[PDB]
Each structure stands twice: as structure tokens, then as C-alpha cells.
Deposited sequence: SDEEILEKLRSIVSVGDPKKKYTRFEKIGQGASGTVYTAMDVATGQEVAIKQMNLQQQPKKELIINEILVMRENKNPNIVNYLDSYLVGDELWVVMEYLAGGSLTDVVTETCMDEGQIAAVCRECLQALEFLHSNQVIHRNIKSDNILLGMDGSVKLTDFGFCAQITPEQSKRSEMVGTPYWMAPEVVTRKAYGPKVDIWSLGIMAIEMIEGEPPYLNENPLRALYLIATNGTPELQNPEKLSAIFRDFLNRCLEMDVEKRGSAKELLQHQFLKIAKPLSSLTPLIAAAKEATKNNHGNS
């Protein structure tokens, strides 16, 4: 009806000329340069995702291309980043603080371009971090994003992935763009330990634990620099006022030891090889 008609007007009807799959729905790679195209069988959430990315292009954000659809079902074409996801790196390799810092910088820069444009991601995690072969870092999957306004600057709906969700979100309190900061802090734990806290627990158990403990403890804090140790706490602070911002954290001392983005290309190569080991 109405909402489908609005989406119909955004979608192009030109000339449309394989990752495999597939969660909601399936994602492929094709030839019409190398691209990535998703298929969903058919809503305002789709419209919001397409609009936010179409109207907020950035080198630190995976680039939108075009939109098509047959009868129902829908096609979103976007660029392809060949280095894969950060999840493949954090789960198969060890990152030094220099490499961990470099990633956080690119992510904080991607969060500063968003927070200043009244946009909260709300689903920051390593799975939603994609890598270029040159070690470039880009944010993806904005299906959970929420645009804020001068009149309404906060929200109260429970959205995101449990293990990366800030306490104020799981306790159904009002929150802002600093939930992307907590999620960044959890993603830093990924780059240290391989997993977010409580990953062995089921998602509901994790939520309960996040409400209880608040700030999560690292398995081996003594293996970290006092400057990295400081960066984490500035991300994982309970008080929203005390917790750092994308702009504020971009000027942190931990990001000065950031290695060149080229230093992430051996991590990528390792991830690629380890992805081959798991199959054979």
C-alpha cells in the first residue's frame, strides 16, 4: 500500500543486466565491477536503511549503488570490500595494540561523521566492520540505525546484538549516540580476547549479566598497556556523561600509537587462509 508505494518510488527501473547467503535475506556477488547484492522477499525499516546510506556517503562507510525489484522481493546493489570482515580477523589472528588502535580510529571517525549528522548505528560490532585490501575500514549494515532530531534526541527501544549492547539499552532507559561508543568498547575486547564478554552464554543470559555487572572485566588485564586499559574504560563507562564521545575519543593518546592501515593486510591474509582451513 502506502509504505510500499514510497519504497517503489526510491527503487530504480533501469538495466540490471555469489556470496551465497543469507540471513534476511540472501546476499550475492555478481557482475553488473565487483558488487554485493542482497535479496529480500518483502517496510519502513528498509526505506530508512536505503535513505540513510544514500544520504550519508563516506569513505568510512560501505558505499551504496542502486536498487531494483521484480514483482515483490528487492535488490540492493552496493560496493564490495574484498578484505572481508573484522570478525574473521579477531577470531583467527592476534592483533597488537598498534593494529587495534588503527581500527578504532577509523571506526571513531565513522562514528563522528554519523553522530554529527544525527545518526546512531546501534549495531556496532566486528561483524559489521568490513575491510579493504589496502587495510581501509568501513562500517556496514545500517538496518538498525535511528535518526535523531533536535526535538527528540534520545530513544528507548531495545535494539542491537545482545553481547554488544550498552547497559542503558538493556535496562530500557533513554539513550543517545554514546551507545555506539559502548559497542566500540566491546568490539575492542573482541580484538583482544577474540570474543565479546559472555559469548559462551545464551543471548538472554548475556542481557541479564550486562544489566548486573555493568562494566565487563577482561580475562587478562595485565596483558594490556595502561593507556589501552584507559581507552577501554573511557568506552565502557557506566555513566553516560563520563563516557567518551566520537569526537572526544578521536583525540585520545591510544590512537597515536596507531600503525598504518597497511599493517592490517597481513591480518587479512591470515584470516583468508584460516577460512580455508575451517573448510578443509
Query raised in the report: For this chain, which runs of the deposited sequence have no C-alpha coordinates, given in order from the N-terminus?
Result: 1 to 2, 20 to 26, 42 to 45, 56 to 60, 299 to 300
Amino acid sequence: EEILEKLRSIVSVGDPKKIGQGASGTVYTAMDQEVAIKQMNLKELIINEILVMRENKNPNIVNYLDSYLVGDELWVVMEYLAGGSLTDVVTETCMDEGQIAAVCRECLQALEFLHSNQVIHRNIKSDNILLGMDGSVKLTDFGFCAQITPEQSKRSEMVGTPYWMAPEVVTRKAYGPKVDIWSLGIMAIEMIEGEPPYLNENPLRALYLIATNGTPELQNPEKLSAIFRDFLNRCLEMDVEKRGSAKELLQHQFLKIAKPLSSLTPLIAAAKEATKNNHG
From here on, numbers count along this sequence of modelled residues.
Report summary line: For 124 to 132 versus 172 to 180, entry-based mean Cα B-factors point to 172 to 180
Query raised in the report: Out of 20 to 28 and 261 to 269, which one has CA B-factors that are higher on average in the deposited record?
Result: 20 to 28
Report summary line: Top Cα B-factor in this entry, restricted to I46, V240, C235, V62, sits on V240
Query - Residue with highest C-alpha B-factor in the PDB entry, from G160, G71, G194, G84 - result: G71
Report summary line: Sorting the chain's modelled residues by C-alpha B-factor and splitting them into thirds places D141 in the lowest
Query raised in the report: When the modelled residues of the chain are sorted by Cα temperature factor, does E112 land in the lowest, middle or highest third?
Result: middle
**Report entry** Where the record places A188 (Cα B-factor, split into thirds across the chain)
**Finding:** lowest
Report summary line: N200: CA B-factor among chain residues, third -> lowest
Query raised in the report: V119's Cα B-factor: lowest, middle or highest third of the chain?
Result: middle
